[PDB]
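Working notes for the structure below.
Atom set for the values below is all heavy atoms of this structure, side chains included, hydrogens, waters and symmetry mates excluded. Counting starts at 1 for both ligands and their atoms, in listed order. Chain letters run A, B, ... following the sequence lines, proteins first and then strands; every chain starts at 1.
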Amino acid sequence: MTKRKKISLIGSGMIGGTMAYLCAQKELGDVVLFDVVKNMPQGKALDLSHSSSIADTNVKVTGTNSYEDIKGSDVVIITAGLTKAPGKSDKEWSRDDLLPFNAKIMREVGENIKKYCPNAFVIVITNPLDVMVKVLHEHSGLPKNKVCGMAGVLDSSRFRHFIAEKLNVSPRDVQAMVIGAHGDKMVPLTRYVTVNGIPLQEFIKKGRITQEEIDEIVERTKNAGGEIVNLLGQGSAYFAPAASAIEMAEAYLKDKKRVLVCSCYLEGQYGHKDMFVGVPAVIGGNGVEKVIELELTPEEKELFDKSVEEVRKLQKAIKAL
Amino acid sequence: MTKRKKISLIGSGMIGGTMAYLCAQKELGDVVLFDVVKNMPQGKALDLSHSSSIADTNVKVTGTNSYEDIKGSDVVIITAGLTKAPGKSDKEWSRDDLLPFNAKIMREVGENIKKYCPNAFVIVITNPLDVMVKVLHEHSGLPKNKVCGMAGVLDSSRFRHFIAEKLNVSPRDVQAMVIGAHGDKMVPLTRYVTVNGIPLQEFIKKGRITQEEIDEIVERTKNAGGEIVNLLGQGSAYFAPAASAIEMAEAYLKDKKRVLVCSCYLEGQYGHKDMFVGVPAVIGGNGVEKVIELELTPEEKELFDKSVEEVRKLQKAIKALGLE
Amino acid sequence: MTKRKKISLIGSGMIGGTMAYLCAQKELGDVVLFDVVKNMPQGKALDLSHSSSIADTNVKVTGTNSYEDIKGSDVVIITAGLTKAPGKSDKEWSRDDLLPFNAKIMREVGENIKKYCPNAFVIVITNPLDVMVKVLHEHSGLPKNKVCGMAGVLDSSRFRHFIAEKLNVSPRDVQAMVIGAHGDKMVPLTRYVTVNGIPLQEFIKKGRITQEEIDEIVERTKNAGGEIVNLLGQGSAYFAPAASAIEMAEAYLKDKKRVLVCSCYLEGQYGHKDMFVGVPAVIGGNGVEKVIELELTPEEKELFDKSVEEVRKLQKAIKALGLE
Amino acid sequence: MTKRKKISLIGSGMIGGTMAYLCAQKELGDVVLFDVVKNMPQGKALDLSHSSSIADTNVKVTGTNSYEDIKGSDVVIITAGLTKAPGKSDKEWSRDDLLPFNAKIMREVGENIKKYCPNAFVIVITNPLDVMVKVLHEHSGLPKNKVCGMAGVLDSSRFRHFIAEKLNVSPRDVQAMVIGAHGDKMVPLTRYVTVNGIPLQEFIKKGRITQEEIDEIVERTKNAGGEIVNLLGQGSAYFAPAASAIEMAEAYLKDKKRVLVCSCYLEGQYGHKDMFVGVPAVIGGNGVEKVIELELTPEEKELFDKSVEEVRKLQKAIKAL
Ligand SMILES: NC(=O)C1=CN([C@@H]2O[C@H](COP(=O)(O)OP(=O)(O)OC[C@H]3O[C@@H](n4cnc5c(N)ncnc54)[C@H](O)[C@@H]3O)[C@@H](O)[C@H]2O)C=CC1
Ligand SMILES: NC(=O)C1=CN([C@@H]2O[C@H](COP(=O)(O)OP(=O)(O)OC[C@H]3O[C@@H](n4cnc5c(N)ncnc54)[C@H](O)[C@@H]3O)[C@@H](O)[C@H]2O)C=CC1
Ligand SMILES: NC(=O)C1=CN([C@@H]2O[C@H](COP(=O)(O)OP(=O)(O)OC[C@H]3O[C@@H](n4cnc5c(N)ncnc54)[C@H](O)[C@@H]3O)[C@@H](O)[C@H]2O)C=CC1
Ligand SMILES: NC(=O)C1=CN([C@@H]2O[C@H](COP(=O)(O)OP(=O)(O)OC[C@H]3O[C@@H](n4cnc5c(N)ncnc54)[C@H](O)[C@@H]3O)[C@@H](O)[C@H]2O)C=CC1
Ligand code: NA
Ligand code: NA
Ligand code: NA
Ligand code: NA
Ligand code: NA
Ligand code: NA
Ligand code: NA
Ligand code: NA
Ligand code: NA
Ligand code: NA
Ligand code: NA
Ligand code: NA
Ligand code: NA
Ligand code: NA
Ligand code: NA
Ligand code: NA
């Protein structure tokens with residue numbers, strides 16, 4: 001027979017469990033929840049299985065502590081890692097501090113994907129995102145087009161939300177992109193913001209939003225992750241990160257050809273190669289099918305190149321490991 | 001006790017039945033299917049009721065030949081009318097030719113709305129769309145913001161589909177608008193076409209699509225209704241018209257603040273007033289909450305003005321029929 | 001690279017188009033609409049393509065007059081045929097009368113499936129259903145588990161709807177089955193009717209529904225097809241037939257293991273073999289994975305045997321046409 | 001205008017946040033997340049708002065520490081309270097130990113519902129469920145039909161899941177009910193289990209499942225809450241509890257007339273009155289529209305009456321407060 005799709009979630013914490021719930025609600029495929037912690041993914045899997053009955057969907061949800069159970073996965077989504085570095089306060093939280101803790105985890109996961117599901121489409125979530133995806137790609141041996149990082153969909157969702165809220169319109173009808181590194185130097189593309197294709201500038205000219213308000217939204221987008229960390233007190237965002245990754249997974253599973261900003265392997269686009277960084281891309285059944293090369297202005301391109309330089313700096317730290 | 005929403009579909013032919021099906025699938029509210037043909041809406045309503053059981057939804061679907069059954073409707077969607085004018089060939093099909101048959105229907109429907117459900121949001125579909133919505137509005141007494149015509153969502157869906165197909169991307173990520181009259185002088189706004197906010201021009205510059213291909217798509221969008229009429233042999237398009245109108249209805253029922261191109265009553269925007277014509281609008285729980293005035297170029301403005309002039313010419317026929 | 005599922009709809013009339021619409025709304029897979037009428041499926045496919053843009057789904061819909069386009073289909077759903085026999089009145093409508101027109105179509109469709117998509121799961125809808133599925137199976141060469149007919153899901157949806165309406169409860173929470181032939185001798189299984197597993201008898205005992213009312217509903221379920229034919233004036237039911245078949249298709253495509261009454265090839269269950277007839281079955285990625293043999297009472301068993309005998313009598317006509 | 005539905009979630013912990021996510025995914029209505037903890041519901045609300053943009057839905061999600069913000073709610077769902085008593089181990093976890101901690105919370109919530117949204121349909125989740133709903137009802141002054149507890153949908157979902165898993169069929173097609181108290185004396189109704197109306201007994205006779213396996217499933221259903229507690233290590237189930245409560249809320253909001261097992265105010269049915277206990281009911285726009293009185297056998301009725309006696313014992317402890 002043609003089996004149900006199989007989705008393995010490597011990491012069964014807040015984002016992993018939430019993604020599993022979306023899979024159950026949407027009947028996307030059977031789900032494997034893997035974690036190094038004993039019993040916990042098994043507990044969540046039972047709870048999730050009961051929820052599938054409530055939803056009238058048909059999904060097996062298995063919890064496991066064994067990598068062998070990811071065999072034959074169509075999609076693998078990786079959240080394995082730490083959310084907040086040990087001896088730091090909330091206000092000084094930085095994704096950069098997670099690097100030493102999480103890089104070795106990406107090596108281990110990569111080696112197991114190589115062994116058990118080398119044909120999977122792999123979405124990396126673990127921070128610091130752009131270099132974690134690079135470590136995963138290197139150690140997994142997967143094709144460049146079959147690995148990417150989730151960040152841009154989340155950052156863009158934030159930009160969209162804030163603009164849509166200010167304009168008081170449906171976020172379906174706001175198009176907004178944030179490109180570059182998933183960090184303080186991410187680049188919200190104000191010039192490309194549209195309302196059903198209508199340039200945001202028209203709304204400025206009509207006084208429906210001011211440049212000052214847009215500037216504030218741009219900074220709020222950059223700081224959104226830390227804003228939520230400060231408010232939650234424990235851990236970081238998970239509802240939107242989970243939804244973002246599942247949007248990418250759906251695009252793959254049903255060959256949708258979505259245009260989504262993801263951390264993608266560059267091969268000369270934007271003047272850069274051999275790193276992952278946030279760029280608009282077409283996502284379908286062949287993974288990252290196309291990186292779209294925006295006609296950035298020199299000012300936007302300078303911001304992007306500065307963003308890439310932050311990834312290069314992090315990559316030096318990876319090399320040092 | 002808060003009742004289910006009530007949606008009346010005045011006209012139970014191809015578009016009306018198909019809209020009722022979407023209401024059943026989406027569990028939007030209870031449905032009244034009204035038609036002048038005896039028994040037919042009753043039969044469709046039974047079939048649709050059975051389909052709601054299959055969908056595991058909770059919807060009453062009532063077929064009727066009595067206007068009284070529209071009482072208390074939250075939304076009314078009007079498709080009553082002819083699709084093709086008697087004695088005309090398919091090749092010479094024109095929405096204009098439907099005017100003398102369908103205008104009188106709009107007057108009658110308006111009179112009934114005025115007494116039975118004057119607080120409804122009303123979406124007109126019947127052709128020729130922009131003048132039919134005006135007749136309905138005038139004879140119903142409804143506020144300007146509570147009546148509009150479905151056309152732009154359909155015309156835009158076509159423009160979007162053709163662009164998305166050529167670029168091989170999801171239509172979710174193509175934004176395209178067609179404004180003006182729902183007819184041969186509709187205005188597909190090439191300058192405003194975007195792929196997730198990326199200007200279509202960027203794709204031209206990279207040779208992903210040519211200007212010639214875009215020109216062809218613009219014409220194909222204008223001709224799409226007639227294309228389908230010619231292929232089908234019977235009637236006209238209904239799957240996408242139905243979905244378009246239901247998208248508008250959902251925006252109202254759940255106060256979504258969607259930005260949708262609809263035929264709206266103008267009060268000076270674009271330099272025009274007192275007609276309905278296709279413009280981007282924000283649709284929510286107050287109906288047409290805002291008409292958006294695009295910063296059109298002189299060239300686009302001239303295309304729009306010529307489109308409005310086609311509506312004015314049809315309005316002369318409305319006046320001549322004694323229906324103002 | 002794993003391709004989208006491919007669903008071919010052989011027949012692009014009322015049921016075929018409506019199924020394509022559900023496929024577009026639900027994003028089930030790419031759709032091929034095949035028909036013998038030139039241009040019509042092409043026109044519907046355009047309309048449906050536009051509707052997919054509105055739905056924000058990602059579906060290719062292809063209209064065609066060539067069987068070659070069914071190559072590689074995961075699922076085929078067959079509605080090709082007549083709905084009403086020439087020269088007969090609506091009041092005397094009988095599915096039986098469609099047999100000599102539709103049997104030859106099943107043979108032709110089978111021959112094409114045999115060469116172009118022999119690994120498809122095939123759902124037959126064309127009437128008279130139980131013998132049409134047998135002709136298709138025989139001439140297609142497919143395994144017994146990979147062909148079935150849609151009828152029981154529709155007949156059960158009707159029984160469910162009528163019971164739920166009388167009890168004023170959600171049809172999601174009414175379980176009702178109709179087994180046997182898809183015709184006047186179908187068997188609505190009153191003893192098996194439940195409300196979330198609660199026997200219908202409990203509602204009788206409390207006077208929520210009477211035996212007389214249940215008897216009326218049983219007859220109404222049997223007569224439902226003809227009731228809709230009489231009301232509509234043109235054709236027959238399509239909204240619920242379409243939804244029924246798509247429910248079956250989904251069970252296959254996502255290996256759901258649904259318990260659905262379908263016309264299935266019997267191999268001794270109920271003491272019968274080598275015909276298709278309506279029985280509860282488990283539907284999943286291996287097609288008809290299991291026929292469930294109900295513990296029928298002697299009285300129920302006699303009703304079922306009489307239903308099977310109606311199928312046997314129609315099969316005599318199939319043989320006489322030279323179509324075995 | 002006719003405004004969007006408004007759903008207030010009193011308690012913004014695991015179940016509250018999860019319910020909010022379902023509201024956002026399903027576009028059910030605007031959501032207010034209330035908690036006594038500062039900042040946390042505001043953080044979750046931001047995360048959830050970003051997720052609504054991803055989902056292309058149109059939902060306002062507000063976090064608050066002020067009861068005034070529940071004004072005009074169509075539905076209120078209450079999870080405010082403790083999940084596990086302080087000085088007890090996981091294996092000895094009991095919903096009964098939560099009584100002293102959670103009863104006063106129900107009084108406070110009730111008084112605020114009375115003040116700010118007396119016309120709401122109110123679903124109580126806080127344990128010990130059947131007596132917590134009684135305290136809420138008493139102090140809120142709401143009509144008997146406008147308050148109920150979520151338990152039976154969850155317990156029944158578990159029974160359904162386990163049976164469906166054993167039979168290898170879709171849980172949509174298994175009907176199963178658990179009635180009585182939401183506790184160790186809940187009553188899984190084996191005799192009423194059906195597969196699309198087909199009695200489970202037919203499957204026994206055919207050897208597709210044994211009586212021993214059914215007996216094991218009945219006990220597993222009773223112990224399912226504690227099974228998940230033991231596996232998770234922190235807190236209790238939330239994915240299925242959240243989905244169960246939202247199923248009940250949907251039935252109200254769209255007047256669906258669902259037949260759902262809920263903890264309902266009895267007025268003589270089953271020989272009992274003036275308490276809440278788990279019974280099948282019709283849920284629609286008038287709340288609990290009808291309690292369905294099953295034709296229980298004497299043996300089933302004895303189990304039910306014993307279940308009710310457990311509620312009466314808990315009610316004595318409530319009285320003592
Ligand atoms: N835009 C983005 O890319 C975002 C990324 N993140 C990142 O996602 C990651 C996960 O976040 P949450 O799920 O909230 O964290 P969490 O702490 O709730 O879950 C992480 C899980 O990873 C597990 N884990 C640790 N080592 C492992 C190994 N070797 N193999 C398998 N599992 C292992 C832990 O046991 C834990 O259950 C973090 O690194 C976080 O910074 C979070 C939000 C957005
Ligand atoms: N974008 C747009 O605005 C579009 C508009 N249309 C128009 O929509 C209308 C309906 O199209 P279909 O549903 O395909 O046509 P249809 O012919 O299938 O159905 C029209 C129905 O109107 C009924 N009718 C006639 N007079 C009536 C009265 N006084 N009261 C109630 N019902 C009455 C009929 O008996 C018939 O059932 C046509 O005028 C067509 O041109 C169609 C496609 C797109
Ligand atoms: N429960 C059931 O099993 C039900 C079965 N039916 C049956 O389904 C069938 C279709 O019904 P509708 O879609 O409403 O009819 P319809 O008349 O709208 O469409 C039938 C289509 O079949 C086509 N056709 C004829 N010969 C063909 C060939 N050799 N190849 C391809 N296409 C061909 C037509 O040109 C027409 O478009 C009828 O036989 C009807 O009795 C209808 C309702 C329920
Ligand atoms: N079938 C059922 O009825 C089930 C019931 N439960 C019960 O649901 C309740 C909540 O469970 P979770 O959400 O997992 O717990 P949680 O600990 O994650 O969340 C409880 C929230 O209530 C808040 N809270 C405490 N006092 C409050 C007050 N006076 N006003 C407003 N908020 C207040 C806390 O700050 C906390 O955020 C528990 O009592 C648990 O036993 C859990 C699972 C199933
Ligand atoms: Na791969
Ligand atoms: Na209509
Ligand atoms: Na119509
Ligand atoms: Na429109
Ligand atoms: Na327009
Ligand atoms: Na058009
Ligand atoms: Na047309
Ligand atoms: Na057109
Ligand atoms: Na078909
Ligand atoms: Na058809
Ligand atoms: Na069937
Ligand atoms: Na049957
Ligand atoms: Na029937
Ligand atoms: Na029929
Ligand atoms: Na019938
Ligand atoms: Na109330």
Legend entry - Where the Na ion (ligand 20) is the vertex, angle from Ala120(D) O to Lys146(D) NZ to 10°: 90°
Inset, instruction - Establish, from distance only, whether the side-chain atoms of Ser8(D) and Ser73(D) form a donor-acceptor pair under 3.5 Å. - result: yes
Inset, instruction - With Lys306(C) as reference, evaluate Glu302(C), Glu309(C), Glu310(C) under the salt bridge (charged side-chain N to carboxylate O under 4.0 Å, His left out) test and give the passing residue. - result: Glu302(C)
Legend entry - Polar side chain donor-acceptor pair, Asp130(C) to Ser263(C), under 3.5 angstrom: yes
Inset, instruction - Measure from the Na ion (ligand 20) to each N, O or S atom of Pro118(D) and report whether any distance is below 3.0 Å. - result: yes
Inset, instruction - Tell me, please, if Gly278(C) has any N/O/S atom, main chain or side chain, under 3.0 Å from the Na ion (ligand 16)? - result: no
Legend entry - Ring centre gap for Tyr265(D) and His137(D) strictly below 6.0 Å: yes
Legend entry - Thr79(B) backbone or side-chain N/O/S under 3.0 Å from the Na ion (ligand 7): yes
